[PDB]
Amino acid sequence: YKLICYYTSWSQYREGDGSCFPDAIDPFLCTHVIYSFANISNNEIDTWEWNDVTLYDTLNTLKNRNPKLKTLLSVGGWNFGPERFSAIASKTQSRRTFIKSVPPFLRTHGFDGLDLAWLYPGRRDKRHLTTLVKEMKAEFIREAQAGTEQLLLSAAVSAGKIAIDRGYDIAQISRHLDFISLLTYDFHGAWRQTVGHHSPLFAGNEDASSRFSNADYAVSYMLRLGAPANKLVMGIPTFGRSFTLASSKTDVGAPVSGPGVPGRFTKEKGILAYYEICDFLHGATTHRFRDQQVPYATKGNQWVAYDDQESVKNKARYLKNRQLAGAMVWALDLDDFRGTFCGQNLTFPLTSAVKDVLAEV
């Protein structure tokens, strides 16, 4: 079983305890750690933060303590214009330029692979995304001839039926990718006017109409489309999405006035780190959709949909039961990495809970 963990560049700037650097990572926690995100300049891969080469170095030293640890660099991300990916993938010339620039980059900084995070390919991109993957892999293969270990190629993919149908040729890109991370966590949220969980596991006979928004559906579908189970990794979030209630109504259906107030360390409307949620829980009412098997909390006019250890071990058992390749976690820096906010003195409670289930029968 694989455990893919994302580490984000910008978590270094969070004030106080919120600050997270590569060395705060347990080298034996995950099997693969992915650094987010790399840029693209003059159609070539390139750094993003001013100190990436240093953090790159810090991250890859973890492999000195755990030789089995594999690390990857992710390109794209959400603050990256998908139009930009588009312009690069459709011009065979600039596509080849980008592809050629990748191996030496990874090789220099010590990464074991590249992770593509194009969010998201439209209908006019499907044909090229397949091309990019095809050719990118082809290149990694030819580069393994120099006698070094072959680089890995993975991709983060949407879990929205409509999004999948629109820009992904799953049967094709699965032959070439080493593994596929299913973004099974941004199903609600997305500026809606009602309250709802972003990463529910099951549909649950309650409130149907968007019957395709849950991990179970998204998974069964990918399988039906042609992705092999031993190549799928299911995404488990470590953050919650928040909402500012517009009434004293707290149950399913309750109206929303907008996103929730910012976390004290994450400072971003709409999301809270798990550790900020651990703090948010004191004096809040806790509930759990038994249908979808995920919790939510409320306190004042704040409503929070999140994942605790129980819902996470639950998701882990699920992917095991369907014989998936493993779990993907977004992100290490949003979990309680210091392990001083959530009670039980345990570093990385969420990610660990997942690792434990994966380590069992």
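Rigid core here is just the name for the largest C-alpha set that superposes within 1.5 Å across the two forms. From 1 onward, residues are counted along the sequence shown.
Please work out whether 140-148 or 182-190 has the higher root mean square C-alpha deviation in 6 other deposited structures of this protein relative to the shown form, with the rigid core as fitting region?
With the rigid core fitted, 182-190 is the stretch that strays more in 6 other deposited structures of this protein.
Comparing against the shown form in 6 other deposited structures of this protein, which stretch has the larger RMS C-alpha deviation after a rigid core superposition, 201-209 or 239-247?
With the rigid core fitted, 201-209 is the stretch that strays more in 6 other deposited structures of this protein.
Given the B-factors recorded for C-alpha atoms, which segment has the greater mean, 17-25 or 343-351?
Per the deposited B-factors, the answer is 343-351.
Averaged over C-alpha atoms, is the B-factor higher for 78-86 or for 112-120 in this PDB entry?
Going by the record's values, the stretch with the higher mean is 78-86.
Among 209, 71, 101, 238, which carries the highest Cα B-factor?
So the option with the highest C-alpha B-factor is 209.
From 141, 284, 272, 133, residue of greatest CA B-factor:
Spelled out: the listed residue with the top C-alpha B-factor is 284.
Could you tell me which third, lowest, middle or highest, the C-alpha B-factor of residue 3 occupies within its chain?
Its C-alpha B-factor, which the entry lists for residue 3, ranks in the lowest third among residues of this chain.
Quick check on the deposited entry: does the C-alpha B-factor of residue 43 sit in the lowest, middle or highest third of its chain?
As the PDB entry reports it, the C-alpha B-factor of residue 43 lands in the highest third of its chain.
Report the third (lowest, middle or highest) to which the CA temperature factor of residue 359 belongs, ranking only the modelled residues of the same chain.
Within its chain, residue 359 is a middle-third residue by C-alpha B-factor, going by the deposited values.
Test of reading the entry: by CA B factor among the chain's modelled residues, which third contains residue 49?
According to the entry, residue 49 has a C-alpha B-factor in the chain's highest third.
Among the modelled residues of its chain, does the C-alpha B-factor of residue 297 lie in the lowest, middle or highest third?
Highest third of the chain for residue 297's C-alpha B-factor.
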